[PDB]
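K.L.:
Dumping the structure here so I can ask a few things about it.
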Amino acid sequence: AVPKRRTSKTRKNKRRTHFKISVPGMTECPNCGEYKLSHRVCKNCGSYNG
Amino acid sequence: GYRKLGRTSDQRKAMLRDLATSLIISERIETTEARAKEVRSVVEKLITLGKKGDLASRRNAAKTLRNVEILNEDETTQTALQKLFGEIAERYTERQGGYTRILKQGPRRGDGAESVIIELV
Amino acid sequence: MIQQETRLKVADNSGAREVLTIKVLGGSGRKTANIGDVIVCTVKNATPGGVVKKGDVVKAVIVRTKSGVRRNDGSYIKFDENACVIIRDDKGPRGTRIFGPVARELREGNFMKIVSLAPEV
Amino acid sequence: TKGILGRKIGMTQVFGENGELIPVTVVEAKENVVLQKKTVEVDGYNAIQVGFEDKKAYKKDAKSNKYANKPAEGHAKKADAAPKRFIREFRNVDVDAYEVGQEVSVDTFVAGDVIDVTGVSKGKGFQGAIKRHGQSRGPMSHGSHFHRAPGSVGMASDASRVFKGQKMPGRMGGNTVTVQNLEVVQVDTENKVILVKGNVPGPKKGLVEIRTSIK
Amino acid sequence: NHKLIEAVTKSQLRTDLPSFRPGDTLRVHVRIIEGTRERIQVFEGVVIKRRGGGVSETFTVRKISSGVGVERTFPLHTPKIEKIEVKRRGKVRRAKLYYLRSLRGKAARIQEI
RNA sequence: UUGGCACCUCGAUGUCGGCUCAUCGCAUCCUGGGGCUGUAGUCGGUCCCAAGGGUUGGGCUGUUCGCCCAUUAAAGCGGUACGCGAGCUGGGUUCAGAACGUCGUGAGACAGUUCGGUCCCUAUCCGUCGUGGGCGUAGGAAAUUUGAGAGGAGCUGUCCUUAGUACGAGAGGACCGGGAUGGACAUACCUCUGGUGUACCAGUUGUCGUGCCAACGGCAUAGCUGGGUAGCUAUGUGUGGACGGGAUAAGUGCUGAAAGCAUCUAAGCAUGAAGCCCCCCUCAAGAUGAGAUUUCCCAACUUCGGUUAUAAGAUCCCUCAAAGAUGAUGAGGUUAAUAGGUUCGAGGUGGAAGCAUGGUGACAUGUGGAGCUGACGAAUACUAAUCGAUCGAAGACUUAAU
Ligand SMILES: CC(=O)NC[C@H]1CN(c2ccc(-c3ccc(CNCc4c[nH]nn4)cc3)c(F)c2)C(=O)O1
């Protein structure tokens, strides 16, 4: 099956409405001061210490 | 079983035994999140056989552990079975279950897989 | 018996030895028939000592099934082979002897002659 | 007419008086109170509300549904009761029941012997047309290239469309069904269980609704 | 074994039955109401299987009537059974004796302890 | 239906039967209600209402058609590109090979036979089956719920009893009412009877390895063979089409004139179908006409007349299954039994290892229904569900009633 018609810029830009990504969901660690992911270790100097 | 881990029956038993014998010689290894939850039950059942100490327990543990020469003893080529029933079994003589701890690292490069660290508590 | 092309053994004292089912009476689209059901069958192998010859369209009642039957009290009975008895229009058997055991539930007020001629019920 | 709620426990069997087999479903029914009563003046129809299983009180975090939130905590205090999940309404019952909370026991279903059970879910998720609508397959020998697919979906160029209500793959199971004309074997005190002949819809630990038969 | 299951099951279970192991001769006395009057009929055979459970426990007995085999399954705690005795015991090495179905004659016999 | 015409398509609209899945018409094959009869009864023959449901397996033939066998309450006739090949098949006819009869001087042809012979395509749009986000419903939230609408369901047999009664020379044998138990079909479910059960238990063959013997492991379909827990399942186990109202068709009427009688109709008043509208089951307020009930929340700044955050609540992330392609829905996050481990049970397998004793041995018997055991039921914070972050109100104007 082949497309019967060409695709518009309107129809092409409406389909990619939900073709996005979200924020990684990060927090601040009060041992290294830098941002980090949740339920994970500070990738910089530090550790989990849960 | 519990989860197939993307392999077949005979390949899954050869991989679970490879990680269990690695957590005894090094006591800390890096792996994937899905494989860390499976080897968590394989090692914790081998420590229970080490707290028994019977000859029937030494033979029920020879079916899993591979034959490697730990130098953790640092003398006399100690086997992966001789480290068990010894210093490992003495460390958890009072602890009742839960001899494993897993920590999460993050998605790795080129794979997007969750790297973790599993170690003996 | 159970289906359209099943081979049944004739148990009563007549020339018929093996018969081939042709139809299961009772309603339309009727598929199977358990112990106590009348069928239409044909004679495949016949005994010269009997009166029924090879290639005869007759009627018969089912008396033994390998599948079995369930009772109200919760018990089951199952046999080793399949068997049938050639009957008349008024439920009379063509033969004065019955061989082998017989299912315990055929005395429904209509097969009194069959259960009495049976050696063991 | 009467009705209660309960959780499906499992299937067993009992022996009759003369001796037989009766397949039996075990259903526990405890802590059933009246949370509200509705009349014809307000909302224009008579009914009663019932709560089945009490939950914990108000908490600071309350992030797992185990604790009743403020709108539900204040809802179960007007009836002088405890916050109970699984609230349902019974219209067939008579309104001779106090609007204030009062417990309902299993002993009211003695000598009932005619009930019906409402199921909440099945849990299959299976999509295939053979498994969902019970269709026939195609040949498996003979060079066939048609085993478990649905057949034609319409005619050719007369309607030039697919009619509504076709039998196509999709999620199956998990819908409301109601089995009618069951029977009550025995009502057990000190366990608050009811024995029902046959089998009820839903998996284990699922809510069931027992009402008086309408026929 | 849910706790609410045995609570209702404890009213139906029986105890007077003697314990037997698969692979022994069993003489069963069953009551039949077939006909206007009631009477007791005996069933004698070998126990070929016994699947577990609570109230829903069954056992299977197989005999030979005349050349052909007969198999009957009874629930353990049924009221229809009046009495059960153990006539002869046997030596087997498995719980399910499914191989007896195909054998007959001098091969369908079991040694005794 | 066989034709007549040659109006669209030759820079392509794939022909016969069969399979899967349907849908519509009434000129009705079965069932429901009636009139007439050369209708005694039991069975019929005609015509009139009626489309709700039902309308079977085999042999021969590529066959449609047709004949035959055994059943059934009955085995209806047609439309849909003689429905359906981007859903399947390719036995028939119309490819290249070969042969027969026949025809032609011949290369070759059939008013004819026979045996072989490549069926491609990742779904853009409308359509259909499932399932999410956004905004709306003049404050923001959590539960319960009314039903304008829409879909599902709708079938029927054999015996018993009224009664060997009515009817009839005898044979033969009821209407109307009341029970029992099946056939096909539809749905829930796994306690039973079975199937499966690739991280459960047990027997055994060849070869290699753990230094050797004993005891184990790898490889040969899961090496092979006998059993089997949870889950999923039919052929297994329950249930369903029950019982009634209202308006009608074909029919039968009462009263009654136009037409002094008569007459169902013109006024008026009834009775009367498996069909129609309901009663039974499911979805349903995006029903923009956006409904109803119950409970929870309520300030600080401003001269904007309007803003910001927080509240009630809901999510990011994390442990999971009663749910599941993903998401969504459910059970839980340290005031914690959500999942592992540990400790006891249920079910399954059927007598572990070591030692002892008896035989020259292969083996057998004891301590011991031992040992082992995924998915099932309990108890127990021992290991992970840390610490944190985001989103989310402060209620428009007019007229009546106070
Ligand atoms: C190949 C293609 O792509 N064609 C595109 C066009 C053409 N076409 C089409 C298709 C089918 C046919 C056709 C149909 C049936 C018969 C009868 N056979 C028996 C016989 C009789 N006498 N002798 N044998 C003959 C031909 C046609 F006549 C036309 C269509 O549908 O569109």
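Only the coordinates and a few stated rules stand behind these numbers; no lab work does. All Cβ positions, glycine included, derive from the backbone under ideal geometry; neighbour counts span all protein chains shown.
K.L.:
Mind checking which residues of segment B:88-105 are loosely packed, with under 14 Cβ neighbours inside 10 Å and near RNA strand F (Cβ under 10 Å from one of its atoms)?
P.N.:
B:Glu94, B:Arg95, B:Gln96, B:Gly97, B:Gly98, B:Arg101
K.L.:
Then there is this: If we scan segment D:103-125, do we find a residue that is of a type outside the set (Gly, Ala, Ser), over 24 Å from the mean Cα position of the chain (by Cα) and part of a loop (DSSP other than H, G, I, E, B)?
P.N.:
No - not one qualifying residue is present in segment D:103-125.
K.L.:
In this structure, is D:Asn199 touching a residue at least 60 places away in the same chain (Cβ under 8 Å), in a loop (DSSP other than H, G, I, E, B), more than 6 Å from RNA strand F (Cβ to nearest atom) and not β-branched (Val, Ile, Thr)?
P.N.:
When the stated conditions are applied, D:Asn199 does not pass them.
K.L.:
Can you tell me how many residues in segment D:89-113 are surrounded by fewer than 16 Cβ atoms within 10 Å (Cβ to Cβ), within 14 Å of RNA strand F (Cβ to nearest atom) and under 26 Å from D:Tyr45 (Cα atoms)?
P.N.:
4
K.L.:
Anything in segment E:1-33 that is within 14 Å of chain D (Cβ to nearest Cβ) and part of a loop (DSSP other than H, G, I, E, B)? List them, or say none.
P.N.:
Within segment E:1-33, E:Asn1, E:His2, E:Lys10, E:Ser11, E:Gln12, E:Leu13, E:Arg14, E:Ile33 meet the criteria.
K.L.:
Quickly run through segment E:64-106 and pick out the residues that are of a type in the set (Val, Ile, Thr) and near RNA strand F (Cβ under 10 Å from one of its atoms).
P.N.:
Selection gives E:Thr73, E:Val92.
K.L.:
Which numbered condition in (1) out of contact with any helix residue (DSSP H, G or I) (no Cβ under 7 Å at 6 or more places or on another chain); (2) within 14 Å of chain C (Cβ to nearest Cβ) is the only one that D:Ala47 fails?
P.N.:
Of (1) out of contact with any helix residue (DSSP H, G or I) (no Cβ under 7 Å at 6 or more places or on another chain); (2) within 14 Å of chain C (Cβ to nearest Cβ), only one is false for D:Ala47: (2).
K.L.:
For segment B:47-70, indicate whether the set of residues that are within 16 Å of B:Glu119 (Cβ to Cβ), within 9 Å of RNA strand F (Cβ to nearest atom) and surrounded by 14 or more Cβ atoms within 10 Å (Cβ to Cβ) is non-empty.
P.N.:
For segment B:47-70, residues within 16 Å of B:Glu119 (Cβ to Cβ), within 9 Å of RNA strand F (Cβ to nearest atom) and surrounded by 14 or more Cβ atoms within 10 Å (Cβ to Cβ): present.
K.L.:
Is it true that some residue in segment D:202-215 is within 14 Å of another protein chain (Cβ to nearest Cβ), more than 18 Å from the chain's Cα centre (by Cα) and within 30 Å of D:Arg85 (Cβ to Cβ)?
P.N.:
no
K.L.:
Inspect segment E:51-63 for any residue being among the hydroxyl-bearing types (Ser, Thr, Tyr), within 16 Å of RNA strand F (Cβ to nearest atom) and under 26 Å from C:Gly100 (Cα atoms) and give the result as yes or no.
P.N.:
yes
K.L.:
Among (1) assigned to a loop (DSSP other than H, G, I, E, B); (2) within 26 Å of the chain's Cα centre (by Cα), where does D:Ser152 come up short?
P.N.:
Single failed check for D:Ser152: (2).
K.L.:
While we're on this one: Where residues in segment D:20-44 are within 24 Å of D:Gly198 (Cα to Cα) and aliphatic (A, V, I, L, M), which of them is farthest from the other protein chains (Cβ to nearest Cβ)?
P.N.:
D:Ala29
K.L.:
Another question about this same structure. Given the conditions (1) under 30 Å from E:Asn1 (Cβ atoms); (2) part of a loop (DSSP other than H, G, I, E, B); (3) near RNA strand F (Cβ under 7 Å from one of its atoms), report the number of the one that D:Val179 does not fulfil.
P.N.:
Among (1) under 30 Å from E:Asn1 (Cβ atoms); (2) part of a loop (DSSP other than H, G, I, E, B); (3) near RNA strand F (Cβ under 7 Å from one of its atoms), the lone unmet condition for D:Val179 is (2).
K.L.:
In this structure, is B:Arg40 of a type in the set (D, E, K, R), under 30 Å from A:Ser38 (Cα atoms) and more than 8 Å from RNA strand F (Cβ to nearest atom)?
P.N.:
So B:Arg40 fails the test.
K.L.:
Please enumerate the residues belonging to segment A:13-41 that are assigned to a loop (DSSP other than H, G, I, E, B), within 11 Å of chain B (Cβ to nearest Cβ) and not aliphatic (A, V, I, L, M).
P.N.:
A:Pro24, A:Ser38, A:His39, A:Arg40
K.L.:
Still on this structure, please answer the following. Residue check: is A:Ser47 among the polar types (S, T, N, Q), more than 6 Å from RNA strand F (Cβ to nearest atom) and more than 14 Å from chain B (Cβ to nearest Cβ)?
P.N.:
Spelling it out, it is not the case that A:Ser47 is among the polar types (S, T, N, Q), more than 6 Å from RNA strand F (Cβ to nearest atom) and more than 14 Å from chain B (Cβ to nearest Cβ).
K.L.:
Where residues in segment D:52-71 are surrounded by 10 or more Cβ atoms within 10 Å (Cβ to Cβ) and near RNA strand F (Cβ under 7 Å from one of its atoms), which of them is nearest to D:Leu5 (Cα to Cα)?
P.N.:
Top of the filtered list is D:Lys66.
K.L.:
If I go through segment C:65-107 residue by residue, how many of them are assigned to a loop (DSSP other than H, G, I, E, B), within 11 Å of another protein chain (Cβ to nearest Cβ), over 14 Å from C:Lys9 (Cα atoms) and of a type outside the set (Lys, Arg)?
P.N.:
8
K.L.:
Here's a follow-up. From the list D:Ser144, D:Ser152, exactly one residue is without any contact (Cβ under 8 Å) to a residue 60 or more places away in the chain, within 6 Å of RNA strand F (Cβ to nearest atom) and loosely packed, with under 10 Cβ neighbours inside 10 Å. Which is it?
P.N.:
D:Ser152 is the lone residue from the list that is without any contact (Cβ under 8 Å) to a residue 60 or more places away in the chain, within 6 Å of RNA strand F (Cβ to nearest atom) and loosely packed, with under 10 Cβ neighbours inside 10 Å.
K.L.:
Restricting attention to segment E:9-29, does a residue exist that is β-branched (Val, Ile, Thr), near RNA strand F (Cβ under 8 Å from one of its atoms), on the phi < 0 side of the Ramachandran plot and in contact with a strand residue (DSSP E or B) (Cβ under 9 Å, 6 or more places away or on another chain)?
P.N.:
Scanning segment E:9-29, I find no residue that is β-branched (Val, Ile, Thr), near RNA strand F (Cβ under 8 Å from one of its atoms), on the phi < 0 side of the Ramachandran plot and in contact with a strand residue (DSSP E or B) (Cβ under 9 Å, 6 or more places away or on another chain), so the answer is no.
K.L.:
If you don't mind, there's one more thing I want to ask. Just checking, which of B:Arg7, B:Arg59 is over 13 Å from the mean Cα position of the chain (by Cα), assigned to a helix (DSSP H, G or I) and over 30 Å from A:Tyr35 (Cα atoms)?
P.N.:
Selected residue: B:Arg59, the only one of B:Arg7, B:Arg59 that is over 13 Å from the mean Cα position of the chain (by Cα), assigned to a helix (DSSP H, G or I) and over 30 Å from A:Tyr35 (Cα atoms).
K.L.:
Something else about it: Name the residue, out of B:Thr93, B:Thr76, B:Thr64, that is out of contact with any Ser or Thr (no Cβ under 9 Å at 6 or more places or on another chain), of a type in the set (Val, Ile, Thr) and touching a residue at least 24 places away in the same chain (Cβ under 8 Å).
P.N.:
When all the criteria are applied, what remains is B:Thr93.
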